[PDB]
Every structure is written in C-alpha cells, then in structure tokens.
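Notes to accompany the following structure.
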RNA sequence: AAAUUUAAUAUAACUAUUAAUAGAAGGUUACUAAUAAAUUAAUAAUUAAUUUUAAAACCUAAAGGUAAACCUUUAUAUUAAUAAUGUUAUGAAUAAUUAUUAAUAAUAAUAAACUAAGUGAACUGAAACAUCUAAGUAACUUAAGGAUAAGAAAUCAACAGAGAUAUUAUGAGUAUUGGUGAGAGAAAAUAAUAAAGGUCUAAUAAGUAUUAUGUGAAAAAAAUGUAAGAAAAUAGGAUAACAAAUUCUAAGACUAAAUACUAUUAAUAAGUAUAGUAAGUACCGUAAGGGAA
RNA sequence: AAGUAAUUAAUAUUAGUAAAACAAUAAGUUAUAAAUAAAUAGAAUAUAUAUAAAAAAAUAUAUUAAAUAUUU
RNA sequence: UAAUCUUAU
Ligand SMILES: [Mg+2]
Ligand SMILES: [Mg+2]
Ligand SMILES: [Mg+2]
Ligand SMILES: [Mg+2]
Ligand SMILES: [Mg+2]
Ligand SMILES: [Mg+2]
Ligand SMILES: [Mg+2]
Ligand SMILES: [Mg+2]
C-alpha cells in the first residue's frame, strides 16, 4: 500500500525560539504530529481509520454508462480495553483496524508499534492516544525517585 | 513536549551507541599505496597488450 | 602510486574510504554487527533474526565492481560470489545455456 | 573657440526574449502620524558602506463587539510596600487622596502567480448520440515552500548489457490501442541541459505482499473501497500461464543542480503612442460585477 | 475592421552537395531493391532474372531489375 | 447476553 494522502500533507515549519505577533494562550499538551490533521476526509480525524479514506469512482452499467459514486470504509464505533490507561476507549474504527488490533493484542500495542507505516495510519486522535499511553507507561516504569 | 521513546526505539538507540563505541575501520595509507601499485600494474599490462 | 589511486573514479574511492582492503570481509552472510560483515551480502541481525537489506543496493554494488574491473582492483573489494551477480567474461564462460536453447 | 546635429544614458513606460541577482502595505481624518547617532573608507563639512536609535492616531474575520475607519473594556490599571496628608473609634486600629518602589497582560493588515492534494462539469468533437471525446482541463476547496514535486531501483533490459531523478532532440507518429469510429499513443537506446551526486537517518519492516471482488492516467500501472491472507535471502517481486534463465529486494528514510512563477538589474527589439504610464477613476448596477474620454 | 502562426506531410521551382544528402559528439532521417500478410527468400532485351500465389521445374498474372566503360 | 443500537437523569 501507499500512504499518499498522509505523507503528502505539509504543515508550516515552526521557527525555533532562542516574539511572534500572535502567540496562543494555552500550552501545547501533545507533541506535534508529523503529518498534521487531514483536511480531506475530516470524518477520519475523530478515530482510527488505518489510513483508509473515501474513494471516489464510477458506477458502471451494462451499457458502460459511467456515473460517479463514492466508497466508504466500514467504520464502527467501538469501546476497547487499554491495559495501560485502565479503561475502555471508545472510538470510530475501520473494521480492518479492529482486526489488526485483535491480531496485535490490544489497543496500546497497536498505538505503540514503532514502524513509520503505523505512525502514518494513526490519526491525530490516534497520535494523542499513543502519547497518552506511552507517557503513562513511562510513569509506571519510572517514579520521580528511583 | 516531545513524545517519549518506545522500548524498541530505546533498544535501537542503545545498539547504535554500542556500534559507535568501537573503532571505525579507517582507510590505511599502506592499503592505499598497495591499491595504487595494483592500478599501475594493470595499466602497464594494458599497455603491453 | 598515491597519485594513481587519487586519479581513480570517485565512487570507488568513496567505497574504499568506508570499506578498505585492510580487513577481510566474510564471503558468506554474517551478523550485521560483526566488523568483517560484507556490505554486498544480506547479513542477519542477532537480536531479531531479520535479514537486513544489503548495505549496498545491488545496482550500486554492481557499478562498483565494474569500476574495480576497469582499473584492475577487483581483489581489494570484498567477494561478490554469494550475490548471484557475475560479470563479463567469467559470466560468459560459466553460463549454462537455457533449457529453451539446449532443447 | 562656442554653438548645431547625430547616437547612448534618468528618479520618468509597458511588452517579448536572453543573461545575472533575489524571493515582496493599503485606506480613513486629523489634537498631521517627526528622528537621532556611532564606526569605517574616501577627502573640518563631505558622500558611500556597515550599523544602533526615536516617533508612528484610527480601520483593514479571530482583547469583545459593531452598520470598516466607531463603541466597549479601563496598564494616568489592579495588588503589595512605604512615605506626607485629612477623618473616625481606642502610643496602637480603620478607611480616603497623592507620590515613589516592586509584581502582574497587552494588539491574525499581509499579497498575487507558481507547487502539491481533494472534488470535478458542460459546451464541444464523433458531421445524430448514449461507449468514447473535451478532461483529470475549467471551476470550486485545502495545504506548504522559495521554489514545490521527483529521486539512488522489489528499474530497465535480454543472456550482451546499463545503472537515481527532472525534460528537451532523435527513436516516433514507430510499437500499443480505439462504438478497431472520433481518435489516442509509449519504452529501450543515443544525445544534449545539469550538480560533488550519493548517502544512511531503519535494531530492515505484515493485516503488508498476494488473491477474490468493485473502481482506477483512450496506449504503458500504481493506486484504492470491501472481505480472505503468505514466506526468510534455503526467501520474495518482476512476464496471460508453466518450465528455464535474467534481473531487482516492497511494506524505513535524507538529498543540492537543470525547472515553474514573481520582482529587480543589464542587454537585444523589421514590438507598442487606440500594448505609451492618468483610472480601476467618471459613470453604469441593490449586489457580485462591468467600465469611458 | 477580415486567409495569420505554430508542429507536421505531399507536390513544384531554384539554389548547395550528389551515389549519396542533412547532421556531423554519437545517434538518427531520406535515398541506395523490388516483392510479400509474414517468414530463414531477393536482379546476366526478354523469350533471361527477382518476389508474390502455384510448383518437381517451367507456364501462366502482377510489378520490378538487366543493353572497350565510368554504377542508379 | 460485559454483541451492537435507542431515550432520560
Ligand atoms: Mg447597537
Ligand atoms: Mg487538481
Ligand atoms: Mg523535495
Ligand atoms: Mg522525498
Ligand atoms: Mg490525453
Ligand atoms: Mg525487506
Ligand atoms: Mg529499499
Ligand atoms: Mg445609479
């Protein structure tokens, strides 16, 4: 496969600070997602889609009469257990993604898998979840005092 | 705040560090000389041919 | 001799810089973290038995070999034999003709 | 020895090409919205370069509003500490004003073309029309950068070989293909243009390759929705299919240069005075919008 | 205020060179051999020969080449 | 019925 609608997204490169005319009031809680939020099938940003998007193609008849149609991924809203968070997390879930999760053994595992492909096929929400989980894990491992 | 490293990532980093610790096979001057000599010989052979 | 070496093509020189002939690189596949590990061969990592893709993509390796051949310096490279790529005269010699040609 | 002419040059035109270099405020009306140096070189004034420095009202989606150039908050702010001061109740306590010191937030005016991505007509052509065509074009929408994209082969080739991309000559209107109509149309190879062009940043990659099915650059796939779903270099991919043989290593990455568009400078004009600076004004329309002399 | 431009193709005329031409980095284009769907086939007055269908080889049909010399 | 889904607090 290819992650063409993820790895093609580009975000305004930040100027690092050794002030700007408009600085935000709050503090960036989460680390910046490499690929940013998708401006294409924004339904996907709410949950875990595995880099699957709406396709647009042609309905074709017996007379070869083309007529535009769309294809949706099989999204299902699904509350799934996270050992690290110690609670079930409900999200939108392409059934493929669900299957993958099942295979890999847990949502935490899915989130915290290293490969770039996995990173790509998380959403911004997915990224956030991953951050939460890994941070939690770190905390568990390493209390402030050894 | 930067995302914390994953276990696998950490391991990889460690491995990299270990690799770095060892001496890099730097090019030997003697070796270079030898190579040059070989090249010269080859050239001579070609000329002869 | 040094001058001659310098004269050689750039790619070859570069290769020499990181993989000199002082060390004898193993003919067969190895650990990826051994220092006698051949760049041209797909070596394996000890932790996680995963064959790493060759440190020189095949094409590049082939090019390097060709360059070496051109300036006589074949033996100072590591051995290619275990990659199935042969070159020029030897290849011609050792080629078993195809089933379709023979019968 | 002064004038006259000819040709060239401005702060003072635009347009096309070529070469170089670089990637930037509008309005409104007024309590009008200003400057100050230093250092270095040239010759105390000097010009230039390199610098630091003052001011700068209001408006131009997002301090919060509104009927743009207004209103509303109240940094001639609040809190704390003190100091002089007046009043009250009991030297100590409470409130008020002024003055110093400290603490605590302040202001999305920002291009256009070029690039990438999402969706994606129709007129039209076919001498009708529905497959096809126009066309992944216009248009709308989103996002980045000085450029972007691409890029070091799971590529091409043919048993001889080459060796990243980009796009120009040829190849070639050839192969390929099409209601085999309208029509569409490669690649290898050889040349130019180009830059040092190679180089690790992956503990080397599955819900991935692949298959089935629905779509999918008129010719060459790579993509993709839905479900099935591998293998360790003793292994994978590449061709209707199989057998040989070749070749490359997917599911991890970075990448200057040639290129596009803008702006400036320089040059060249069998270019423009109805393509020669006014004005996006007058005027027309509720408006988008049109638009003179 | 109305037959223009670009990229091609075919004819003509004139010029350059000419069994070669253009380009000359290497390619490539056209010509130099006709014919056949294609294939391993292909030129001495014609009555000889080449290719196609046919065939043992000719004939027969079509087109081509071929006449002390100096190639088209 | 700790599939999925609907409403109220
Ligand atoms: Mg009001
Ligand atoms: Mg588009
Ligand atoms: Mg880039
Ligand atoms: Mg890239
Ligand atoms: Mg087309
Ligand atoms: Mg691999
Ligand atoms: Mg690779
Ligand atoms: Mg009016």
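Chains as they are written, first to last, in the entry's author numbering: chain S, 22 to 39, 44 to 171; chain Q, 249 to 297; chain b, 3 to 105. Ideal placement from N, C-alpha and C gives every residue a C-beta, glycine not left out.
Three-way DSSP call (helix, strand, coil) for residue i in this model
i	result
residue 63 of chain S	coil
residue 119 of chain S	strand
residue 105 of chain b	coil
residue 84 of chain b	coil
residue 4 of chain b	helix
residue 16 of chain b	helix
residue 265 of chain Q	helix
residue 126 of chain S	helix
residue 88 of chain S	coil
residue 136 of chain S	helix
residue 21 of chain S	Since the first residue of chain S shown is 22 and the last is 171, residue 21 of chain S is not available in this structure.
residue 71 of chain S	helix
residue 259 of chain Q	helix
residue 33 of chain b	strand
Limits of the alpha helix (DSSP H) - the one that residue i falls within
i	result
residue 152 of chain S	149-166
residue 25 of chain S	25-28
residue 68 of chain b	60-72
residue 145 of chain S	141-145
residue 93 of chain b	90-96
Span of the beta strand (DSSP E), counted from its first residue to its last, around residue i
i	result
residue 81 of chain S	80-84
residue 284 of chain Q	No beta strand (DSSP E) contains residue 284 of chain Q, which is instead part of the alpha helix (DSSP H) from 277-296.
residue 105 of chain S	100-107
Checklist entry - For the segment 7-33 of chain b, which residues have a CB atom closer than 9 Å to at least one CB atom of chain Q, in sequence order? => result Within the segment 7-33 of chain b, the qualifying residues are 7, 8, 9, 10, 18, 19, 20, 21, 22, 23, 24 and 25.
Checklist entry - Counting pairs of beta carbons, one from the segment 130-137 of chain S and one from the segment 97-117 of chain S, are three or more of them closer than 8 Å? => result Counting Cβ pairs under 8 Å, three or more are found: they touch.
Checklist entry - Taking any Cβ of chain S, which residues in the segment 250-272 of chain Q have a Cβ under 9 Å from it, in chain order? => result Here the close residues are 250, 251, 252, 253, 254, 255, 256, 257 and 260.
Next on the checklist: I'd like to know if the segment 27-45 of chain b and the segment 81-93 of chain b are in contact, where contact means that at least 3 CB-CB pairs between them fall below 8 Å.
Outcome noted: Judged by Cβ distances under 8 Å, the segment 27-45 of chain b makes contact with the segment 81-93 of chain b, as three or more pairs qualify.
Next on the checklist: Residues of the segment 279-292 of chain Q in Cβ contact with chain b at a cutoff of 9 Å, in chain order, please.
Outcome noted: If the cut-off is 9 Å between Cβ atoms, the segment 279-292 of chain Q has 279, 280, 281, 282, 283, 284, 285, 286, 287, 288, 289, 290 and 291 near chain b.
Checklist entry - Is the number of C-beta pairs between the segment 53-61 of chain b and the segment 69-79 of chain b that are closer than 8 Å three or more? => result Taking a contact to require three or more Cβ pairs closer than 8 Å, the segment 53-61 of chain b and the segment 69-79 of chain b do not qualify as touching.
Next on the checklist: For the segment 138-155 of chain S against the segment 93-101 of chain S, do three or more pairs of beta-carbon atoms, one drawn from each stretch, fall closer than 8 Å, so that the two count as touching?
Outcome noted: The segment 138-155 of chain S vs the segment 93-101 of chain S: no contact.
Checklist entry - Counting Cβ pairs closer than 8 Å, one from the segment 5-20 of chain b and one from the segment 270-283 of chain Q, do we hit at least three? => result With a cut-off of 8 Å on Cβ pairs, the segment 5-20 of chain b is in contact with the segment 270-283 of chain Q, counting three or more such pairs.
Item to check | chain Q contacts made by the segment 138-163 of chain S, where a contact means CB separation under 9 Å | outcome: Listed in chain order, the positions of the segment 138-163 of chain S with a beta carbon within less than 9 Å of a beta carbon of chain Q are 138, 139, 152, 155, 156, 159, 160, 162 and 163.
Checklist entry - Listed in chain order, which residues of the segment 54-80 of chain S have Cβ atoms closer than 7 Å to some Cβ of chain Q? => result The residues in question are 56.
Next on the checklist: Assess contact between the segment 163-170 of chain S and the segment 69-84 of chain S, defined as three or more Cβ pairs (one per stretch) separated by less than 8 Å. Is contact present?
Outcome noted: No, because fewer than three Cβ pairs between the segment 163-170 of chain S and the segment 69-84 of chain S fall closer than 8 Å, the two stretches do not touch.
Checklist entry - Can you list, in chain order, the residues of the segment 32-54 of chain b whose Cβ is nearer than 7 Å to any Cβ on chain Q? => result Under the 7 Å Cβ criterion, the segment 32-54 of chain b contributes 35 and 37.
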